[PDB]
């Protein structure tokens, strides 16, 4: 299935069928985070998806083609995390992102804590454009999880 939208990344190698992450299908390219697939190939029905580009530091990987997601957080408006937890239905969660302040610039961050099956969930702007992926971040002194809004180029 090459139908644009968000997908679950499942594996039938552990116990039963486990959900290891989430991905986005857009312009015939599947986008997810590196730590989810570790560059491994993906099966979509009878067809096979081969890795095309990846970067461990960015924790991103694309299949079937180059990174296609270009939207970025405007730094002001609220966003929606389309969280796809394993075994549960996709739910849109609205929030105002924080900021990751690094030596190479600032990156948006969302203070939403979700299970391990959720890495790769897309983060959307008001116009439905994917501005990043959820699943790579930090836990702060209180124990709350804060994920960076990881977007490619």
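Numbering follows the first chain given and starts at 1.
A.B. asks: Comparing average C-alpha B factors as deposited, tell me which of 103-111 and 55-63 sits higher.
C.D. replies: Higher mean C-alpha B-factor: 103-111.
A.B. asks: What stretch has the higher average Cα B-factor here, 87-95 or 24-32?
C.D. replies: Per the PDB entry, the higher value belongs to 87-95.
A.B. asks: What third of its chain, lowest, middle or highest, does the C-alpha temperature factor of residue 132 fall into?
C.D. replies: According to the entry, residue 132 has a C-alpha B-factor in the chain's lowest third.
A.B. asks: Classify residue 69 as lowest, middle or highest third according to the C-alpha B-factor given in the PDB entry, relative to its own chain.
C.D. replies: For residue 69, whose C-alpha B-factor we compare with every modelled residue in the chain, the answer is the lowest third.
A.B. asks: By the recorded C-alpha temperature factor, relative to the other modelled residues in its chain, which third is residue 151 in?
C.D. replies: According to the entry, residue 151 has a C-alpha B-factor in the chain's lowest third.
A.B. asks: Would you please rank residue 120 by its C-alpha temperature factor against the other modelled residues of its chain and give the third it falls in: lowest, middle or highest?
C.D. replies: For residue 120, the deposited C-alpha B-factor lands in the lowest third.
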